[PDB]
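A lone chain, given as C-alpha cells: the form deposited in one PDB entry.
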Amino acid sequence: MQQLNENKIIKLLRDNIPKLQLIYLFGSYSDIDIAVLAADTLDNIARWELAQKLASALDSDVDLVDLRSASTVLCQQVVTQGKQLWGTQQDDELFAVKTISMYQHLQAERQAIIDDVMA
C-alpha cells in the first residue's frame, strides 16, 4: 500500500506543478506530510487547493509544503527525517547543504532567544 500510495502522490504532484525539482515525504510515514521544491514559489491558495486534492485522493489529511517559502527550521526537519520520492540527486544535495548551513547560522542567531525561553 505504501508503494502504491507513494506513486499516486508522484503522479498528482508532477501533473499539477511545473518545473518540479524535488518531492519529499517527511513527518510520520492517517496523516500525510508532503514537501516539494520547484523553480518558482507556489501560490498560497493554489498550493492549499492541491493539498486538498491530494487529501481527497488518498483519503487522508495532507499538508503540502513549499520548500521555496518554508521556514529554515521546517527545511531542516525535512532534510533530517525525510524520504526523497522524486528528483535528481544533485538537486537533493544542493538543497541539503543549503538548508543545513542556513540552519547552522540561524542556530547562532537565535540561541539567545532559545535560552531565555528554556530558563
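Shifts are known only where both forms have a C-alpha. Numbering starts at 1 and runs along the sequence shown. Take the two forms, superpose them, and find the largest set of C-alpha atoms that agree within 1.5 Å; that set is the rigid core.
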**Item:** Between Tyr29 and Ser30 - deposited residues without coordinates, as a size class
**Value:** 4 to 9
**Item:** Segment of higher mean CA temperature factor, 98-106 or 20-28
**Value:** 20-28
**Fill in**
By the entry's values, the third containing the CA B factor of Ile9 is the highest
**Fill in**
On the chain's distribution of Cα B-factors, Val36 falls within the third called lowest
**Request:** Would you mind checking where the Cα B-factor of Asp61 ranks among the modelled residues of its chain, as the lowest, middle or highest third?
**Result:** highest
**Request:** Consider only the C-alpha atoms of the modelled residues in this chain, order them by B-factor as the entry records it, and name the third containing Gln76: lowest, middle or highest.
**Result:** lowest
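Same protein, other form: the form deposited in another entry, not shown, and the subject of what follows.
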**Message:** I want to check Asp15: does it shift between the shown form and the other one by 2 Å or more at the Cα, with the core superposed?
**Reply:** yes
**Request:** Superpose on the rigid core, then tell me if the C-alpha of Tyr24 is displaced by 2 angstroms or more between the shown form and the other one.
**Result:** yes
**Request:** Work out whether the Cα atoms of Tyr24 and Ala38 come closer together or move farther apart in the other entry than they are in this form, the change being 3 angstroms or more.
**Result:** closer
**Prompt:** Given that the distance between the C-alpha atoms of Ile45 and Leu12 changes by 3 Å or more in the other entry, do they end up closer or farther than here?
**Reply:** farther
**Message:** Using a 2 Å C-alpha criterion and requiring 3 or more consecutive residues, which regions move between the shown form and the other one after core superposition?
**Reply:** 6-29
